[PDB]
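Each of two forms of one protein chain follows alone as structure tokens, named structure 1 and structure 2.
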Structure 1
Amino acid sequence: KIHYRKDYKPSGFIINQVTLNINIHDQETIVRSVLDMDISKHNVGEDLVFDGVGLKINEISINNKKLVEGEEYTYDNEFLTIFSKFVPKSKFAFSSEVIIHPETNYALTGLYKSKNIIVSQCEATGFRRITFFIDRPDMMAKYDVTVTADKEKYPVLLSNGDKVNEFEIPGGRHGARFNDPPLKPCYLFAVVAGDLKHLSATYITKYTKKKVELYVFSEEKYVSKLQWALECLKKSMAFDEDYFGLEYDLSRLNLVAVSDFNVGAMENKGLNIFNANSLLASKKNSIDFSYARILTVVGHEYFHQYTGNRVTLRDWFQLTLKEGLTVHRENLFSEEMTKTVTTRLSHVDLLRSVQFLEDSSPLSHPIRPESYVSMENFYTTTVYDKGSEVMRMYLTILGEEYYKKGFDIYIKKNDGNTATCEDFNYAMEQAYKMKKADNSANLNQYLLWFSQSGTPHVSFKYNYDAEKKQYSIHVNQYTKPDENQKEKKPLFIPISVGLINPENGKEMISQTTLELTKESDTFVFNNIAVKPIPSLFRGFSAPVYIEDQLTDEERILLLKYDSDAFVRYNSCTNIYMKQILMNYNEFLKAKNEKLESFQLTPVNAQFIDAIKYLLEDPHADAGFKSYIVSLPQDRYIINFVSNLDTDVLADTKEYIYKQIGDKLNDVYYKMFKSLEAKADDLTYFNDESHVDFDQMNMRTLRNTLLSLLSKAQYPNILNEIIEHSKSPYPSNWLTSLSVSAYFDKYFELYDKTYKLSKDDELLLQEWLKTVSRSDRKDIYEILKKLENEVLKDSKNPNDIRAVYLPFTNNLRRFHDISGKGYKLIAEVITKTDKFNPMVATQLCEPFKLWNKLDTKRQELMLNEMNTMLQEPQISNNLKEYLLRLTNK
């Protein structure tokens, strides 16, 4: 069944009130539900059809009378159909009692058990796995929810809204009633039951001075890992107050960590539920990455609230409207909190590798897709991250003042209602008119960012007239046709630009954002005293392929002297890409022609000099430094190479790294040593609320350099690796494991770091990732060992992802020409699909580039996908995904 965006129609029914009784027992959960319903104006005499998946019916009723199966209703484990003649024509009550089984719900959607916690996950279509409903986001209702359970096992009971009663029940049971008066969609329903321990605090809002109770919950074992999350939550509330002027609406906010979770987290009006790996940390038991991760995920779920309780999605095709906007808000927050340029760079790095790959793949879709089969497959980097860049472009175009005005308009015009992407665009259009002082100005073209798939390519030509002091930038845009649009239209592309004086490194013009609205345009600047070097797409101002057409000499100058972090980073990226493409072709030619000898173009010496210059600048940023000594991601590179031979790419990278290392290793070593004091400072190691993003960037730089030195077998570096393994910081001692791969000390550090990791669930998952990603010739044997000794038959998605996904980035080994790596991951996907289709689809990620590889590896991957597609028991999720991915 395929759902089309253009087919939207309001329900012929209304659900005004939901009254739930959820009774949790050892081997079953009984759910009783009364829905106070009505008939809408759009009703035309149709059957009453409820969603309900996997429910065991004890009984159903209309107005307290039992309905009879076959005669009055049918149920096929997916839809409950009540024939219209038995459906009332005014306000009526529908009631049901069903049985569900969270203890065996390993798909982690609906109501399920995670270790000793019962928790729900209803977005997007999970509420129908709990009870019957018209499970769509535009069905708004009031909720009154009662939960009962064994008191010893489940002392803490949580749901949306206010707890209004707590009571004892015979047999050592207890119950709690929660009433949530404001209307909400059912995907925001949540319930939690467990032996939860917590940290708490009180927050006083900025403008109304009201006290908000903040609680963060986990199992008792890890309660000491809750402090950073609580800090992050306070930080999020402060930010939305300061930047957007928005206060929290309710009197309490709960965050709950659970061990088994399909994604990162979920917002549920006051009851936010998190993957433990995105909420829990301690300096002793977490790598540095956890700290930015918790900050962004807690922020993200928090920024969902204000907008979520005023404007609900009309339908799921508007997903990017809530998610792209919330990621944009999350990124603004994260940039302001970390105060490091690597934060924005890391978002760009992710978009241009993972999301660009997706957008040039058979899975390519606009941020507002035209159809879906399985909602779970729609939560993509395109909808989220390209969505966020589209939301961010409004800010670039409008500036802060008018952006913040269009944002307010969108709320006002749409408060209390459902909205669409057009509603948001209309609101910004009003801000655009006010900014341009022109009520004929419009953003109608901007709507193509929602409807048009594929990554635009933007290219440049320049002209300078020295006598006229006149500089011209000629710009061209193009999007490649694909399966979604035969003809692509030009987009509204904002191009933030500067002009750098090559003679002194100074800005030559004020902040300027070119508005490209045609297929091509020419932008002319007068009174330009000398030929500039253009600094293009500052801040990465549009989600596009940038073809800067600059020389490497110009790129080096930008890298050294430009003011914009992204353009410096991109200029470096572009120098590397030119080099990678050149050496790749030279290696490829030698392979194809079976050459006994051949030449390779060396790495630009002035480029190596510039890297040295930056590394040696004490005033330059450590995180930025770690980027400039790293080649572009493999998934970024592949967008530029047809029929990519992964072996040839691996030889290419090897050559380039060795060229630069042969010149700079002594520099790397010196810096690795000199950075130690500040990077590994222990002054605040036992203060869980003290987080220093610069210091963590220094550790990133040290660990990056150590990797480079280890690969290069720098004299006596093993000494440094061994000492590194003794560091209190897990980022350090896990790095010592992965860099020791090049030495016969590896399995000793394997055992040491395992013993350090095994008693913390999340830390062990980081250990697994480190092992999985290790550059080992015997990695296949090592993975087998992990399966047998550690992973076993765990159904925890964190465990499974930890063991397998990092390995799939091993360019040389995962892409083994035998196809053994493809075969291995396909076996894991098919195995996982039996109990968790959402996670099975996640494990398909390496296959997304299948049609970009050399013809042999294309065939190998295709064979595995077709094998998976032929499994009789294949889930709808996995089938849809592989059908789309293989163009069937």
Structure 2
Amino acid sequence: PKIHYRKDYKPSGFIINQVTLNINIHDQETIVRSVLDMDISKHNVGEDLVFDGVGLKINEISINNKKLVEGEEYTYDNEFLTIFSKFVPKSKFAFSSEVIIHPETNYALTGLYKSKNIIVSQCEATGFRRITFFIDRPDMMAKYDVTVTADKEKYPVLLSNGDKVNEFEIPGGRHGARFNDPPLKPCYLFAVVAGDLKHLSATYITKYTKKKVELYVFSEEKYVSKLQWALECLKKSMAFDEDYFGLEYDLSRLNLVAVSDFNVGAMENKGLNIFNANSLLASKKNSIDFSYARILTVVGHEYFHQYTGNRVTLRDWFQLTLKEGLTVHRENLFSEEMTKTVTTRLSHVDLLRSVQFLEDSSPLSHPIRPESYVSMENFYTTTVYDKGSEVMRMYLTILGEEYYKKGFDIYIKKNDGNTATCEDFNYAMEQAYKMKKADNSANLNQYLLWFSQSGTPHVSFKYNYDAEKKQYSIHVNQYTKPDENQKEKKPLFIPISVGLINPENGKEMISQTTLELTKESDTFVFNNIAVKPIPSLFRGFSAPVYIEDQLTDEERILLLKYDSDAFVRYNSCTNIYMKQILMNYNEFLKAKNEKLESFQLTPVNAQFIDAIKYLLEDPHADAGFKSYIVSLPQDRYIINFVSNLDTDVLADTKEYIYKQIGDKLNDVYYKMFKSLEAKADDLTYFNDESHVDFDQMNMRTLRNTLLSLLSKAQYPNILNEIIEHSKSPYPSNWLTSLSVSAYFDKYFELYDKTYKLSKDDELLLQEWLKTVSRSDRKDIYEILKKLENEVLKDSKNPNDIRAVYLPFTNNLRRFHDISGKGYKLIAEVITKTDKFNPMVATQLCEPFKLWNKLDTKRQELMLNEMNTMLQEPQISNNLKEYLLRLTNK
């Protein structure tokens, strides 16, 4: 297993200037003819010409139209084609090959593959080498001339990058299309699509150049009607990049294509973006609300790559966060502007502090720019994406909008036609920083540590107020725990967005202030502070850190009620919950350990419960925000604060806290559930495909959250409400009715009802599967067996497999059954999947990421399953690397 190191980057001894491809798709095989117009680079030292080429069947290879002989002139080991240096020309030459590949049986969904009746490619990161020979790395920029031929009846629509310059008939019912893409691109941005695709189309006229852009969105015939929202999202994305960044689309056409079998959400192939159907297709009748936000995000994200990824590309894969982190940041800005709801930012924070913080405190912890990799397919992590995005967002927080935009424009203008590194971006931002600070001595050298240092910083506070002096002091400390990547951690440049709230009237006491913490600790003093304030810290979640506010619950309640910042209010609530959780957890644990016949639990703070009620009864307050306040922190957030987490004890802890709050608030919950119905379930625009109301969907979120709380509580006659909810036209509602009926004898009645409603839409059926998988059923293991036998069967569709198994892994009480049967189940699924799709197999390992954080027995059980998986003779390099790193081998 070859380990690739960041420090080892060297430019290639070769140049590829032109790629000329002929892709001939037949019934049982695809023939790929390729001519590479090549040259020797200034870095050449007379080395062998080595091409990446994985799983290719060689018919012939040639140099300058002279056929090469195997053994004497070249060797091929199914991974690398080595042409011995003595046979390699010293000037410009043509390398040519004809290879056979088999998309029909390509179940790994990388390279060229078949998804139902569509032939499609996926080349990022190292997939192009599965199509034809190449020096398969992003710094190898080339021009592409691509011809695709296929049966006309089966594959009437042929697509690749660039302009379609010819279409022709071929004897035997075949046809071809030629595509020429003159601008240079890395091979990971190559794509081809062939199928019986239907489309919706629109024309977009750019803001400044006034260029007409053809927008096409494609799917199989059955689902073409579900493409309208994606089209709207694309227009919105183009508009936002123009309006916020002054960036226009540079090409004549943009194609988006939905496929059923896809390893991730989507891929930004230049002018030919390819999507998991679940991230492009939606309808109000056949999609849950989440689909709308999801499509907006994914279409936006892949569109924003056109500049940050496509036009400015990566020098090497270690720079991944430069395109992924930056593009997530760009999508976040976009979505915040489109949705106009505080929940957009809140949801991103919620994900980071649960999923990413877990990763960063696990054996898998890495910086956003890792120092090494074995498998690129394992590199696309929440750290690279989500911490990367927070690192990119901090530049905006530090600089402000005006100077951030200046620095971003500097980055684009300077790097537009070329590859780039993280230092290039930091450099552009530093120029803006120099201009903002009004001195050319200012730098961001310390900021680079955000790229190189792994682990989550802990930021803690102490306060002082002198009433006589009207002087307030905030003393701040930062600390990152040593880990496997750095023994010595260094202080980071941490921007702390702060406000000061007057506890007497809830008013702001100071103007917008961002404290720049650049040392291990610092004291920030404020004069003319008339009364002792309550500090509002890390507004907007201004740095990706553990915040230790050292506030009392009284102070936190005041922020929750009266602060201006959504995040600080949300976080204050989070902190109140966390203090309660830790206390009750310890109480339950002590009782368990000591085998106590009786014991006491600390009740939930009554003024906190009053504050929740206050917020819930406020008409001005955001419905999405309300759904967060009535929900305890994510289990994966909680686990970062507990050693040897006993999952049964945590389940008991949550149960107690919810019961405590419900015992006081259930009547309020019910009243709200009923009063929200009219606006939440409004059908006025149900048949308007383009009318999307994020506030209304948040209202449904709140309703469904409250229904869940009331169902768990066995609120009197709530089954009546559940049954009526099942009759709603909105899948978010009727699928909720299924999940919440888990606590009632009518579960299987609704199981059958909702299955019938879901079965005839591929994506809706997958949503139903997720809903069943996540159902709080005592017989969940029996239900999963039913799903396997009756619905899933031997599907190799990643969406199907992920839907059945992943939501179940969030069942705290059942997945972590002390017998280890949950761990055994998922391990079996991972191993089975690894046989045909190593990438998805590694995704299915997610539950195991917290293995060393659990109680000693569950640690042992999880480790056993991981060692068992590692012992499988046929284990992929993908899965092996991941599990070796996770188990600290």
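What we label the rigid core is the largest C-alpha set whose atoms superpose within 1.5 Å from one form to the other. One-based numbering along structure 1's sequence throughout.
- In the overlay on the core between structures 1 and 2, a shift of 2 Å or more in CA position is seen for a single residue of 710, 146, 736, 307, which is 307.
- The rigid core superposition between structures 1 and 2 gives a CA shift for residue 416 of 2.0 Å.
- In the core-aligned comparison between structures 1 and 2, the Cα atom of residue 78 sits 0.0 Å away from its counterpart.
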